[PDB]
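Colleague: Quick one: the structure is below, and I'll ask about it shortly.
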Amino acid sequence: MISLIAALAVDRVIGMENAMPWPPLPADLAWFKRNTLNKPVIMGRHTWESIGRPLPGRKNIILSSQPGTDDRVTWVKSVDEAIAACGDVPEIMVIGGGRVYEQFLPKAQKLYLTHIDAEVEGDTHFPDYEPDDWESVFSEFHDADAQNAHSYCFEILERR
Ligand SMILES: NC(=O)c1ccc[n+]([C@@H]2O[C@H](COP(=O)([O-])OP(=O)(O)OC[C@H]3O[C@@H](n4cnc5c(N)ncnc54)[C@H](OP(=O)(O)O)[C@@H]3O)[C@@H](O)[C@H]2O)c1
Ligand SMILES: Nc1nc(=O)c2nc(CNc3ccc(C(=O)N[C@@H](CCC(=O)O)C(=O)O)cc3)cnc2[nH]1
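Taking the authors' numbering, the leading residue of the sequence shown gets 1, the next gets one more, and so forth.
Rendered as structure tokens:
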């Protein structure tokens, strides 16, 4: 089973200049770690270059059309291969970026979304999807506080 996890600002903005255009929200980073630990993660090369190091406790799988440049991770040249390299596991986590999210969306059964109340400019967006394909089953909104500079809402959607 394939899931996508992402944090989205207003208008589905997810990135700018290959970074994330808001301040780190530690509540959202904890949520990300909580929901990806001990699972395989699949990410595009540009996202790999943004994170800058293997996420620990996870099987890191990078998509690129070009041979790999780091043997701490697992490189693959196509979507099918990326799924194949995860093995027989309960849940594969796709961690972006925009182009990778768009390819995995039709295969996904679960979206893990953080809705952040920030109004920033971006160059990368989360893919358009069809609201009638999905069912919202968890929703948790929190206000901003001393550690988290925007209000945010965790949501999980399951494919109907
Ligand atoms: N807010 C969030 O939750 C979040 C999460 C993740 C990323 N981001 C942001 O998203 C942005 C990056 O997104 P992006 O769309 O530019 O890049 P991306 O999707 O992360 O990476 C695209 C790259 O992945 C490779 N790739 C994708 N599909 C492939 C396929 N089917 N076969 C072989 N290779 C494939 C290609 O690498 P090659 O060029 O080497 O062939 C490619 O150009 C950054 O700003 C990042 O910070 C935000
Ligand atoms: N919900 C969500 N939030 C994000 O920040 C996010 N970011 C990406 C890609 N960017 C990154 C950047 C940093 C880390 C990261 O440092 N995670 C560490 C610790 C985070 C922390 O210090 O709190 C980890 O171990 O998971 C992960 C993904 C993909 N999906 C996301 N999904």
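For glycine and all other residues, C-beta sits at the position ideal for the given N, C-alpha and C.
If you drop the 5 nearest sequence neighbours on each side, which residues of the same chain put their C-beta closer than 7 Å to that of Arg45?
Modeller: If we look at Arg45 and ignore the five residues flanking it on each side, its Cβ neighbours are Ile62, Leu63, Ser64.
Colleague: For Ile5 and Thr69, I'd like the C-alpha separation in whole angstroms.
Modeller: Each residue's Cα considered, the two are about 25 Å apart.
Colleague: Can you pull the DSSP bridge partners for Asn38?
Modeller: Its beta-bridge partners do not exist; DSSP assigns none.
Colleague: Compare the beta carbon distance of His125 and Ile14 with 8 Å and say whether it is the shorter of the two.
Modeller: Yes. Within cutoff.
Colleague: Using only alpha-carbon positions, find the residue among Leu113, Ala108, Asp88, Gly96 that is nearest to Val41.
Modeller: Nearest of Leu113, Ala108, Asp88, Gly96 to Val41, Cα basis: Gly96.
Colleague: Over the uninterrupted beta strand (DSSP E) stretch that includes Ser136, give me the two end residues.
Modeller: From DSSP, the beta strand (DSSP E) with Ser136 extends over 134-142.
Colleague: According to the Cβ coordinates, are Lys39 and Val89 closer than 8 Å?
Modeller: Going by C-beta atoms, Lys39 is nearer than 8 Å to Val89.
Colleague: Would you call the region 109-124 and the region 146-158 touching, i.e. three or more CB-CB distances under 8 Å?
Modeller: Verdict: yes, contact present.
Colleague: Looking only at its own chain, which residues have a Cβ that is under 8 Å from the Cβ of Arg159, when we skip the five neighbours before and after it?
Modeller: Here the set comprises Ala108, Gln109, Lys110, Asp133, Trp134, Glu135.
Colleague: Using the Cβ count rule (16 or more neighbours within 10 Å means buried), how would you classify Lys77?
Modeller: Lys77 should be labelled exposed.
Colleague: Alpha carbon to alpha carbon, what distance is there between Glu130 and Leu55?
Modeller: If I take the Cα positions, the gap works out to 31 Å.
Colleague: Quick check: is any heavy atom of ligand 3 less than 7 Å from the C-beta of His150?
Modeller: This structure lacks ligand 3; its bound ligands are ligand 1 and ligand 2.
Colleague: According to the neighbour-count rule (16 or more other Cβ atoms, all chains shown, within 10 Å of its Cβ), is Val100 buried or exposed?
Modeller: Classification for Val100: buried.
Colleague: Would the beta-carbon of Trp22 fall within 8 Å of that of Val137?
Modeller: Not in contact: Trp22 and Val137 (Cβ atoms no closer than 8 Å).
Colleague: Going by beta carbon distance, what residues of the same chain come within less than 8 Å of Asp80, once the five residues before and after it are set aside?
Modeller: The answer is none, since no qualifying residue turns up.
Colleague: Residues in the same chain with beta-carbon distance under 8 Å from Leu105, minus the five sequence neighbours each way, listed in chain order, please.
Modeller: Correct list, in chain order: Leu4, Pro127, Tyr129.
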